[PDB]
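A quick note on method: Cβ atoms are made from the backbone with ideal geometry, for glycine too, and the neighbour counts reach across all protein chains shown. What follows is calculated from the coordinates using simple rules that are stated; it is not laboratory data.
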Protein chains: 2
Amino acid sequence: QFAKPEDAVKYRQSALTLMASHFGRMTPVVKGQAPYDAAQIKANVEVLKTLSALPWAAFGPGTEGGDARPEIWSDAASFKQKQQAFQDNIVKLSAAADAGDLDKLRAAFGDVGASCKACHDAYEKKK
Amino acid sequence: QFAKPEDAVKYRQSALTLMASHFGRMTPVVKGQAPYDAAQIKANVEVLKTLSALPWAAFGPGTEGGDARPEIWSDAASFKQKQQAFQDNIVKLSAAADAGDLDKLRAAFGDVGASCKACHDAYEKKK
Ligand code: HEC
Ligand code: HEC
């Protein structure tokens, strides 16, 4: 769907920005600093589910750019494992949210965050 | 979920960028320049549905910035009518996609596009 590599870069950066907001906005809830409303969180995690599937198709071959490391494309299988593992961590978060289980939500949230960082450490260029 | 107005601006711009991609990528399909696969379009319109609900919460009071006109906030009811009308146009597009009805999809696509433009004409600052 991208006319030039720049368009893929802009898409993925936008998708990832939206994920960071839908993930990060739950930090106060998991810390207990904001109240836990199970329905609110269930709905938010459903948005996060949708969003979490979107970036990867915008790293199609030849879409070097942005802060994407070239290793994304030189070992495609490894990158795919990391995004699939991240999405399965999102599945655990969805299960927790759908169950209304705050303890499970906290644990899953932490595992999701670790999975974001694991990918960044391998595949995101440093500042 | 936004620490500063800039964060709301960045969110909404990202959301709208993603909508433009999920909407616009169907242009060749509705024109017949690319093939029509009903399942593919159904899935894409479901993503567009989700995305189409997201920008509006990021125009909360005091989030002037970006290319948002101030009139968004001075007549809140009118802006709300436009976003709600746009989302109902998206409902028509979803119905068409879910039905696998290409004629209905073309018509709905055009009405959606008109609704994007109607809002921009009133509420988006010019270049
Ligand atoms: C887990 C919930 C997250 C969160 C919160 C974020 N990511 Fe990542 N990310 C990856 C790569 C390769 C990039 C660079 C993209 C490019 O510049 O081309 C990024 C970038 C981001 C951003 C910045 C977006 C921007 O505005 O430029 C943000 C906010 C972000 N990420 C948050 C790669 C990955 C992964 C590889 C499989 C995974 C998993 C994640 N990111 C997960 C997350
Ligand atoms: C219908 C499917 C669409 C499409 C394809 C787009 N929009 Fe809009 N839009 C609105 C406002 C107020 C702005 C400015 C936001 C800001 O700068 O603070 C925009 C902006 C955009 C963009 C640019 C995003 C960016 O990267 O900066 C794009 C690509 C975009 N839009 C596409 C307002 C509205 C509406 C008011 C109710 C409606 C409806 C739409 N937009 C619909 C659409």
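Mean partner shielding of peptide B:45-53, defined as the number of other chain Cβ atoms within 10 Å of each residue Cβ, is 2. Which of rounded, prolate or oblate describes the range A:1-121 when judged by the alpha-carbon gyration tensor and an a/c cut-off of 1.5? Since a/c reaches 1.5 and a/b is larger than b/c, the shape of the range A:1-121 is classed as prolate.
In this structure, the amide hydrogen of residue B:68, modeled 1.01 Å from its nitrogen in the peptide plane, lies closer than 5 angstrom to those of B:125, counting only residues at least 5 positions away or on a different chain. When both the range A:31-84 and the range B:50-85 are represented by their alpha-carbon centers, they are found 27 Å apart. Taking each DSSP H run with n ≥ 4 as -39500 (n - 2.57) and averaging over every residue of the protein assembly as shown yields -23000 deg cm²/dmol at 222 nm. With 28 Å as the limit on Cα-Cα distance, the pairs of B:104/B:125; A:4/A:125; A:126/B:126; A:126/B:49; A:80/B:4; A:92/A:117 that go past it are B:104/B:125; A:126/B:126; A:126/B:49; A:80/B:4.
Short-range pairs are left out: with C-alpha atoms under 8 Å and at least six residues apart, the relative contact order of chain A is 30 percent. In nanometres and ascending order, the distances from the residue A:27 label point to those of the other copies are 3.8 (point 7 Å from Cα along Cα→Cβ). Distances from residue A:120 to itself in the other copies, using label points 7 Å out along the Cα-Cβ axis, amount to 3.4 nm in increasing order. Inter-copy label distances for residue A:43: 2.8 nm (label point placed 7 Å from Cα along Cα→Cβ; shortest first). Considering only B:48, B:9, B:87, the residue lying farthest towards the positive end of the dipole of chain B is B:9, judged by Cα position with unit charges set on Cβ.
Along each principal axis, taking the top coordinate minus the bottom one, the Cα set of the protein assembly as shown gives 45, 42, 37 Å in descending order. Inter-chain Cβ neighbour count for B:17-25, averaged per residue, equals 4 (cutoff 10 Å, partner chain atoms only). Other residues lying with their Cβ under 12 Å from the Cβ of residue B:101 contribute a combined charge of +2, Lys and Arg counting +1, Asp and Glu -1.
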